[PDB]
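Here is the structure we will look at, set down as structure tokens.
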Protein chains: 2
Amino acid sequence: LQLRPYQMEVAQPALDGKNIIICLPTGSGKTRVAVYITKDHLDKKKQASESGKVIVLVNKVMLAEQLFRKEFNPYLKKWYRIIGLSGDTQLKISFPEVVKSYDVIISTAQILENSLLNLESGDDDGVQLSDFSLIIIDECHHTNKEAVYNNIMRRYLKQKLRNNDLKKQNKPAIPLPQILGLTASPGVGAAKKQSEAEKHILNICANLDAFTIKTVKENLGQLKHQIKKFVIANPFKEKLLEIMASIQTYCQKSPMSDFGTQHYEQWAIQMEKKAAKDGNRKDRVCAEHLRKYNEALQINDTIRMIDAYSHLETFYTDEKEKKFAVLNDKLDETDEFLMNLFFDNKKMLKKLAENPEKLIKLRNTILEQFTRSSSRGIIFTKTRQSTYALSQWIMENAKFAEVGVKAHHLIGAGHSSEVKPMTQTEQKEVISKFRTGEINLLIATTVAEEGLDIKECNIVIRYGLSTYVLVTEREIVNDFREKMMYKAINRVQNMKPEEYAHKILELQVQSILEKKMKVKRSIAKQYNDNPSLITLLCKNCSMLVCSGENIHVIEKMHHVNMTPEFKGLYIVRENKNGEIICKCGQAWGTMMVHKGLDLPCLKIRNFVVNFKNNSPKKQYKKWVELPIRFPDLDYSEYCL
Amino acid sequence: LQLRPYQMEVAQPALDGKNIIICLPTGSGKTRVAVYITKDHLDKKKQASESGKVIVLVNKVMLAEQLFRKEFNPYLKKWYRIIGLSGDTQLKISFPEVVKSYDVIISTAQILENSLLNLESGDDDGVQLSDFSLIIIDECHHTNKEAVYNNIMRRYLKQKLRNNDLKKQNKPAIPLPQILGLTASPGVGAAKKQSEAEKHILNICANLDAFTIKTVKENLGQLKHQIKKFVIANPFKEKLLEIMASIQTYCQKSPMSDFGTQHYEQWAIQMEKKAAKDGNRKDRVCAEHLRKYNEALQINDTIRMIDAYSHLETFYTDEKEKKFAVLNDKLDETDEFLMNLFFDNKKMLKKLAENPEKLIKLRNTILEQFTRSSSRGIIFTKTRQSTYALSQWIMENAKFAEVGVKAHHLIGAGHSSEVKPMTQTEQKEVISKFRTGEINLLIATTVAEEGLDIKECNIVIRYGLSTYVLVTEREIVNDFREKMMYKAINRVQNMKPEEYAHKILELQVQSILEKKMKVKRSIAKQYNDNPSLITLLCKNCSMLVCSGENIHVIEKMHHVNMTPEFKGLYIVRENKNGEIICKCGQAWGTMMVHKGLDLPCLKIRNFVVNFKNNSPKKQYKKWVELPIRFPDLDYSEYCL
RNA sequence: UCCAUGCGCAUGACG
RNA sequence: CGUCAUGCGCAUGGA
RNA sequence: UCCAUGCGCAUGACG
RNA sequence: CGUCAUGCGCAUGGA
Ligand SMILES: Nc1ncnc2c1ncn2[C@@H]1O[C@H](COP(=O)(O)OP(=O)(O)O)[C@@H](O)[C@H]1O
Ligand SMILES: Nc1ncnc2c1ncn2[C@@H]1O[C@H](COP(=O)(O)OP(=O)(O)O)[C@@H](O)[C@H]1O
Ligand SMILES: [Zn+2]
Ligand SMILES: [Zn+2]
């Protein structure tokens, strides 16, 4: 494995066992350097005939699979054992065993941490930093806060300090391993000065326990050889603002602020809690609606108002279906006022929606772009709904197709925000096509920003965040931060080893003590662990829904209430297991059909608390907040 | 942008580049004139194709936001770049950059000055008056003393004199900009004659470097067209005076003056220092109590004595809680004497408080007022406690409500005087309501006097400071001063340019030299910078509390003492982070829970000094007084 | 290969 | 500390 | 949007 | 120079 020159020197310290960081710009292929380090380290331990383990960590799974596909296996296919361990890829054999085998490991963070947790737990599954003789890391910039990498290294620190004490006062000290670290750039956070930046860097180094930053300040020429702009372009709104003010009047709601910002939203949520802490109507009820309206506003500000019509079409049609289901098996004053207030305008509002708008301006921009140019394309933005809107709206346009441009959307995987997620599989499909050329232009939130191999693209437009385009000042501040961190890197590199040691020791101790304080407060957190002290109520209608003991649990995750005395209440709904809804139409939960039972599960977001102590109403958004505990279900009971 | 006639001529000189002042009465809308000047100036620099910058300054933030909302943007929305820069409104991009962009600037004083300070500092953030080709100012009357406006212009002067010297003895001289200035009225201070007034005016002109005052002495008719009275209305006191004299007897305290004035208070404070310089009891202890009593007196003189009962209820109940906490985890001779001296009367004193009083007289006045009259209302006064008292007392009255009058209070924002402050947000809420009509009558200290848009109000009552009412001679003197400044304006306008120049040059030099003397003395001020030379003692009990080196710092603002040897002392209290209190009940500070630590912060007001040199006790009210310096905290230590 | 659930984390904007 | 948006990782269960 | 802290400034009354 | 009251501005930190 021949090593490029600029890679040679930067690696050189690590071959002496110095636990250093190694930062190199993208495109330099810092992986093959890592292989050189690992292979050399293994050969050194081979010469010593001792336990040579490397446990490489990447935060994302795709990185791990890529490393197992392309870089580590092909180079070390011959000599050593490898395994592309990950959470998703089922591995019949547990981790302690692969620690006893498979000298080399690709892996992913919280798998290792889970195993270490099991060591600290009574699972009897064990692993220690002791067992490894080396660790290798990627994207060290993540190692700042309560991140997984940081949690992994924090345990190692405490052991180091114990070992330092043991050295002075004891013959034996526990072994600890080397720690490499690779990053595209160390990063700088919350810096408006060089000094805060340097402190950040030192924090990172302490977290990694490293001896020094390392860069290539010598062979910059070959690097520049191999490694190689900001362009910037109604009555419907008012029609809706008028209704919002009408509803404030209907509600006596004082915003204290304007329409079309997060501040209005936050006040709406706070009023929603208070009205939930009141069990009143037109107060929480109307906060919910106004949240929808404000979202309609701020998407409208950036999006075709047709999409706001779509948003509220979805919303209000679901409202009709909820009330219609409620009718099956009446309507309140509030709901009638609001719903009719909408429907009286809905049709004309759509007529307004037809009328010509960042989107139109942008089209004028990007169509002009697609004449210059193999065609490649990228887009960024913030929301997942914006991506779909851009995709559909662009599809509707005849000009974009006429140019031959084909476009597809792209978002993450997580199950939040009320959007249809994208699977890992389908992401791979899309990027493979963007390499095939089926789609010329991607639409992405931040997935494409990193990890995914998107490259060779002329245009990278950012809408509201190698030609560069930035539609909508933020580039300037980023440039300033880049300059600031380069200067700080140089400063730290040129520092006294003694002062450097003193500085990092102090930061290490600070981190450890802060964790200990965290643990003290955390242990103090949960104290009650009560079986039944409460009542769950519908939050629109401050109505009794459940008690505390009638509840039960499954999977030690989900909470459901049998005892069909409860079942006499709710209503069921579904369109396209099924969904539960209130006698007032308030959404309650899902009919989880599992374990041979149609368990009526619910979600604590939508309910409100009343302690037996008569303590004030509370809203949590998650069960785990309260420390009280509910029983696990006994199928012998309810067996029937 | 068409310009009104009386505005036309007054502006005319400035279009020639003369750096003049422009004073116009309120209601003339002098902003649109400023726009005309700026736009014309920009168009002139456009014709020259040179750097056209305007940096408008207002002392208050609200003025800036108003200018960005209403006047500059709408008129110049099209051509030029604008930015409503302020301290509160977070601006991701720093100031030097907005100096490199955003041709037009609204701003606020000390932001600019901070940037200029950074230029003089090593921050590397830079800006100069050079960069700007124009400055615009509002409320120039502020530019008298060490005000921000004055500090800003003082730097410019020195550079001007250097440039004057450079002109005679050098080809190149540094560029300097025009300086406009707008004010409602120039103002006159400490004048009992025309001559002192004229000197004041000249001082203002020199500070602004202006060429001339400008007024409209020609188009007064249209002005008067667009621009358009003094009415004036017990045993409880004695009950308390008797106790005060009883306590003098208990203390051998000789006032040398009477009860119910600042003089008694000031002597009380001086005795408090001396008794702190004695470490004695019944001397500082009783000065504190008598300060409370005298405040009770002078509020009582103007306020319902129920509120004095409230004041001392608060005080003595807190005394009980302090001593009760002290008991947890005894009582002195002094405290028992004083407390029982109070409690023996407290109930009957309240009974007296029920008995009918400026307030009652005033009610008889203002109720009569509210029959004449859309209803609008204003009130002025001095204290913040008076506003609350008026609001609650008026609320309790049935007549004021019966008339339909609704009333709300209003005060500033600052965190001083032991009152609940009012946020900017809530001030906007109130004035918006006073425009809506929810509240008919405001109660205000001086906030309403200016800046805030309060208008169209028939009544403006002043209680102890377009019908005018003045409840309680001061109007006469104000009228005299107004006449005196109008005459002086006319005099200065009609003056020789040569003599005018000579006069202002001399004043400019005087100001500069005075600043240089200030800087010399200031540099001479701090000289010691010692780590630990002292001991901090409780001031009631002359007891050791801290040393000098055991102290540490955070934020380079706050001082806390870890080393729980200290922690063995104090006691904690809270009612409704938390508060620290003495083993004798003397208040010490706050348990600042920050950075993952429950740091026990303290306040130097409440402690007393003892140098290692054995120098006499000292009280400072602020840490910064002493030049000695304490270390910044090292979290590595105390990490645990 | 898809679906549902729970948990933890970071980033950005805001208050 | 709270809100929103975004992305990520882990652990359950099912088709 | 709220909270706590530090700093500087001006005004008025007084001594 | 000191005291009180009032108002303002800036800079930190947190929820
Ligand atoms: N010793 C070497 N000599 C020549 N090229 C190398 C060497 N090591 C790595 N490379 C180049 O680096 C590239 C791999 O970069 P990669 O690791 O994908 O980038 P990143 O560091 O962003 O993951 C390869 O295309 C390869 O040509
Ligand atoms: N050229 C003009 N013609 C007519 N009216 C004008 C002109 N310029 C300003 N105004 C009036 O001045 C008013 C603005 O005054 P404003 O600037 O708020 O007062 P202040 O000077 O106290 O801030 C506006 O209501 C407007 O009618
Ligand atoms: Zn309900
Ligand atoms: Zn004490």
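Laboratory data are not the source of any read-out in this text; all were calculated from the coordinates shown. Positions of Cβ are generated from backbone atoms using ideal geometry, with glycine treated the same way; all protein chains shown enter the neighbour counts.
Which of the residues spanning segment B:65-87 are within 14 Å of another protein chain (Cβ to nearest Cβ), part of a loop (DSSP other than H, G, I, E, B) and in contact with a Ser or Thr (Cβ under 9 Å, 6 or more places away or on another chain)?
If the condition is that a residue be within 14 Å of another protein chain (Cβ to nearest Cβ), part of a loop (DSSP other than H, G, I, E, B) and in contact with a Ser or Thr (Cβ under 9 Å, 6 or more places away or on another chain), then B:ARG81, B:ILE83, B:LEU85 are the ones that fit.
Can you pull out every residue in segment A:337-359 that is assigned to a helix (DSSP H, G or I), charged (D, E, K, R) and within 15 Å of A:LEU297 (Cβ to Cβ)?
A:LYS358
Condition check ((1) among the charged types (D, E, K, R); (2) more than 30 Å from B:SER94 (Cβ to Cβ); (3) exposed (fewer than 15 other Cβ atoms within 10 Å of the Cβ); (4) within 16 Å of ligand 1 (Cβ to nearest atom)) across all residues:
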{"residue": "A:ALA173", "(1), (2), (3), (4)": "no, yes, no, no"}
{"residue": "A:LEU180", "(1), (2), (3), (4)": "no, yes, no, yes"}
{"residue": "A:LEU202", "(1), (2), (3), (4)": "no, no, no, no"}
{"residue": "A:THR212", "(1), (2), (3), (4)": "no, yes, no, no"}
{"residue": "A:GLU218", "(1), (2), (3), (4)": "yes, yes, yes, no"}
{"residue": "A:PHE230", "(1), (2), (3), (4)": "no, no, yes, no"}
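What is the one condition in (1) within 14 Å of another protein chain (Cβ to nearest Cβ); (2) more than 16 Å from RNA strand C (Cβ to nearest atom) that A:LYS518 does not satisfy?
For A:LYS518, the exception is condition (2).
Away from every other protein chain (no Cβ under 14 Å) and surrounded by fewer than 18 Cβ atoms within 10 Å (Cβ to Cβ): is that true of A:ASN528 in this structure?
Here the answer is yes, as A:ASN528 does meet what is asked.
If the Cβ limit is 6 Å and pairs must be 6+ apart or interchain, which residue in segment A:285-306 that is within 15 Å of A:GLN385 (Cβ to Cβ) pairs with which residue that is aromatic (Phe, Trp, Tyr) and buried (at least 19 other Cβ atoms within 10 Å of the Cβ)?
Once the first residue is within 15 Å of A:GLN385 (Cβ to Cβ) and sits in segment A:285-306, its partners that are aromatic (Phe, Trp, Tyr) and buried (at least 19 other Cβ atoms within 10 Å of the Cβ) give A:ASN294/A:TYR264; A:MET305/A:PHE236.
Does A:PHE630 satisfy the condition of being of a type in the set (A, V, I, L, M, F, W, C), away from RNA strand F (no atom under 16 Å from the Cβ) and within 19 Å of A:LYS277 (Cβ to Cβ)?
No, not satisfied.
Suppose we keep only residues that are within 24 Å of B:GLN508 (Cβ to Cβ) and of a type in the set (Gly, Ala, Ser) within segment B:189-227. Which one would you say is farthest from the chain's Cα centre (by Cα)?
Restricting to residues being within 24 Å of B:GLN508 (Cβ to Cβ) and of a type in the set (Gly, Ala, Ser), the top hit is B:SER195.
Which of the residues spanning segment B:97-113 are in a helix (DSSP H, G or I), more than 14 Å from RNA strand F (Cβ to nearest atom) and not hydrophobic (A, V, I, L, M, F, W, C)?
Once the filter is applied, which keeps residues that are in a helix (DSSP H, G or I), more than 14 Å from RNA strand F (Cβ to nearest atom) and not hydrophobic (A, V, I, L, M, F, W, C), segment B:97-113 yields B:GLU97, B:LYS100.
Can you find a residue that is more than 16 Å from ligand 1 (Cβ to nearest atom) and within 14 Å of chain A (Cβ to nearest Cβ) anywhere in segment B:534-554?
Yes, segment B:534-554 has at least one match.
State which residue is farthest from A:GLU368 (Cα to Cα) when the search covers only segment A:380-421 and only residues that are out of contact with any strand residue (DSSP E or B) (no Cβ under 8 Å at 6 or more places or on another chain) and hydrophobic (A, V, I, L, M, F, W, C).
Of everything passing the filter in segment A:380-421, A:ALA413 is farthest from A:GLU368 (Cα to Cα).
Which residue is surrounded by the fewest Cβ atoms within 10 Å (Cβ to Cβ), if the candidates are limited to segment B:423-476 and must be under 22 Å from A:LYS253 (Cα atoms) and of a type in the set (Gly, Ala, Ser)?
B:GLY437
I'm told B:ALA14 meets every condition in (1) small (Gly, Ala, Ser); (2) surrounded by fewer than 15 Cβ atoms within 10 Å (Cβ to Cβ); (3) closer than 26 Å to B:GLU113 by Cα except one. Can you identify the failing condition by its number?
Against the list (1) small (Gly, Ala, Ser); (2) surrounded by fewer than 15 Cβ atoms within 10 Å (Cβ to Cβ); (3) closer than 26 Å to B:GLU113 by Cα, B:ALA14 comes up short only on (2).
Can you tell which of B:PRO13, B:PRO74, B:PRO5, B:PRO25 is more than 16 Å from ligand 3 (Cβ to nearest atom), out of contact with any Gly (no Cβ under 7 Å at 6 or more places or on another chain) and more than 25 Å from B:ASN490 (Cα to Cα)?
From the options B:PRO13, B:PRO74, B:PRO5, B:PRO25, the qualifying one is B:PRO74.
Please name all residue pairs, on different chains or six or more residues apart, with Cβ atoms under 6 Å, provided the first residue is in segment B:521-543 and is more than 18 Å from B:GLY589 (Cβ to Cβ) and the second residue is of a type in the set (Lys, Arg) and within 16 Å of RNA strand E (Cβ to nearest atom).
Listed by first residue and then by second, the contacts come to B:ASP529/B:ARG629.
Within segment B:115-143, which residues are buried (at least 17 other Cβ atoms within 10 Å of the Cβ) and assigned to a helix (DSSP H, G or I)?
Once the filter is applied, which keeps residues that are buried (at least 17 other Cβ atoms within 10 Å of the Cβ) and assigned to a helix (DSSP H, G or I), segment B:115-143 yields B:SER115, B:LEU116, B:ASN118, B:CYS140, B:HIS141, B:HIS142.
Being assigned to a loop (DSSP other than H, G, I, E, B) and either crowded, with 20+ Cβ neighbours inside 10 Å or among the small types (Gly, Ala, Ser) (or both) is the filter here; which residues of segment A:534-569 pass it?
Within segment A:534-569, A:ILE534, A:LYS539, A:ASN540, A:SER542, A:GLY548, A:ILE551, A:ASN561, A:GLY568 meet the criteria.
Scanning segment B:38-58 for residues that are over 22 Å from B:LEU3 (Cα atoms) and of a type in the set (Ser, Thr, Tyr), which turns out surrounded by the fewest Cβ atoms within 10 Å (Cβ to Cβ)?
B:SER49
Can you pull out the residues in segment B:408-450 that are within 14 Å of chain A (Cβ to nearest Cβ) and in contact with a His (Cβ under 7 Å, 6 or more places away or on another chain)?
B:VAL430, B:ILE439
Which of the residues spanning segment B:252-268 are within 14 Å of RNA strand F (Cβ to nearest atom), out of contact with any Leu (no Cβ under 7 Å at 6 or more places or on another chain) and either within 15 Å of B:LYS617 (Cβ to Cβ) or not in a helix (DSSP H, G or I) (or both)?
Within segment B:252-268, B:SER257, B:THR261 qualify.
Anything in segment B:1-33 that is in contact with an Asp or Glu (Cβ under 8 Å, 6 or more places away or on another chain) and part of a helix (DSSP H, G or I)? List them, or say none.
Within segment B:1-33, B:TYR6, B:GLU9, B:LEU15, B:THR31, B:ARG32 meet the criteria.
Go through segment A:463-478 and report how many residues are within 14 Å of another protein chain (Cβ to nearest Cβ) and over 19 Å from A:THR383 (Cβ atoms).
Residues that pass the stated criteria total 5.
Are any residues in segment B:315-336 among the charged types (D, E, K, R), surrounded by fewer than 14 Cβ atoms within 10 Å (Cβ to Cβ) and in a helix (DSSP H, G or I), and if so, which ones?
Passing the criteria: B:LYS320, B:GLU333, B:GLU336.
I'm checking my understanding of the structure. Among residues of segment B:90-111 that are over 16 Å from A:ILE476 (Cβ atoms) and in contact with a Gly (Cβ under 7 Å, 6 or more places away or on another chain), which one is farthest from the other protein chains (Cβ to nearest Cβ)?
By that ranking, first place goes to B:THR108.
Please work out if A:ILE411 is of a type in the set (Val, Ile, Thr) and touching a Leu at 6+ places or on another chain (Cβ under 8 Å).
Judged against the criteria, A:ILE411 is not a match.
Given the conditions (1) over 14 Å from A:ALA206 (Cα atoms); (2) loosely packed, with under 13 Cβ neighbours inside 10 Å; (3) away from chain B (no Cβ under 11 Å); (4) not small (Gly, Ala, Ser), which single one is not true for A:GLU499?
That leaves (1) as the condition not met.
A:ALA191 - would you say it is in a loop (DSSP other than H, G, I, E, B), more than 14 Å from every other protein chain (Cβ to nearest Cβ), surrounded by 14 or more Cβ atoms within 10 Å (Cβ to Cβ) and not β-branched (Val, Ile, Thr)?
No: the conditions fail for A:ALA191.
Taking segment A:235-271 as the search range and keeping residues that are more than 35 Å from the chain's Cα centre (by Cα) and exposed (fewer than 12 other Cβ atoms within 10 Å of the Cβ), which one is nearest to ligand 3 (Cβ to nearest atom)?
Checking each candidate, the answer is A:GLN252.
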